[PDB]
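Only one chain comes next, encoded as structure tokens, the form deposited in one PDB entry.
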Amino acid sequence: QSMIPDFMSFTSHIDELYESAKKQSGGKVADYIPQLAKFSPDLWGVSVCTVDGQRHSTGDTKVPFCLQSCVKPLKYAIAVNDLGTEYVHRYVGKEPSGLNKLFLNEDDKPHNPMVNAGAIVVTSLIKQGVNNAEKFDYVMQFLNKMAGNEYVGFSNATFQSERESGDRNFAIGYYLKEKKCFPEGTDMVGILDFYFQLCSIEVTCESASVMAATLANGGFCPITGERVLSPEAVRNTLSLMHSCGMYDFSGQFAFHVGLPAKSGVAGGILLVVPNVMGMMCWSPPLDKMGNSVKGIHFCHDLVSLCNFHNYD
């Protein structure tokens, strides 16, 4: 409950950590598509939004960037919220996979919602029946509520490039169709289209931190008081972000940082400190694992300083 004693002083520490992370210039900006290669390796922003509704930003916190995989926890939350744990998990697993890297697990289901095959299946469960345009509007609405109506855009350029370039996602798409992993009567190619769109949704560190804070606040948006996601949805999302949100670094991350988080190839890291605050770190240069270098650094420092680790 009693988060941080003095928020203003906490703010001062965020800035120090931010400054320290700024010195980390390693990594490479994703470049499989021009829309990602465009970004400057020097962009670096950190936005905080407590359960209180208190805000604080430092760095490039108003420059829009694509959620990419950061959207995975979000659409999963939405699915559980509208369909419940039981139904959703008839189509997707609940744990980290081994590491080469099969699309399905022992039961012919994607290992979890945080890997592509999983996110693709989860995408096929949301608002079934209506057209893609409607489904897309539906999720945008949902993301707006989580962000307390702050910035939520869309990158058509990214969407177009992701589609006419995601051969691997199509491989996954057909494979899942082959294994009957989708709900009866699913238009697979149409689902991949919806999936590419969701990955192309844009946010800023500021609006994203509010989304994170909503998850940190048991499903209530810290700046509107509104209930956006069901308790069940939030807990599931957090559990999976804890164990599968940082790609191949998930294990190390859970051990050293101990916080629910989710990274994206755009350089973002959606971080959550349960009952305390939500955060969004962003910096285009990624490491071998695919996580934002400055972001990973900052997260370690934050936990070592404020003792935020799940088991402190």
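Residue positions are given as counts along the sequence shown, with the first one as 1.
A second form of this protein, the form solved in complex with a small molecule, is not displayed here; the remarks below concern that form.
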Exercise. Among 37 to 45, 63 to 71, 249 to 257, 272 to 280, which stretch sits within 4.5 Å of the small molecule in the bound PDB entry, heavy atoms only?
Worked result: 63 to 71
Exercise. If you check in the bound PDB entry, is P284 within 4.5 Å of the small molecule, heavy atoms only?
Worked result: no
Exercise. Is the gap between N116 and the small molecule in the bound PDB entry 4.5 Å or less for some heavy atom pair?
Worked result: yes
For this session: Considering only heavy atoms, tell me if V29 and the small molecule come within 4.5 Å of each other in the bound PDB entry.
Result: no
Exercise. Closest heavy atom of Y76 to the small molecule in the bound PDB entry, within 4.5 Å or not?
Worked result: no
Exercise. Looking in the bound PDB entry, is the small molecule within 4.5 Å of a heavy atom from each of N169, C199 and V265?
Worked result: yes
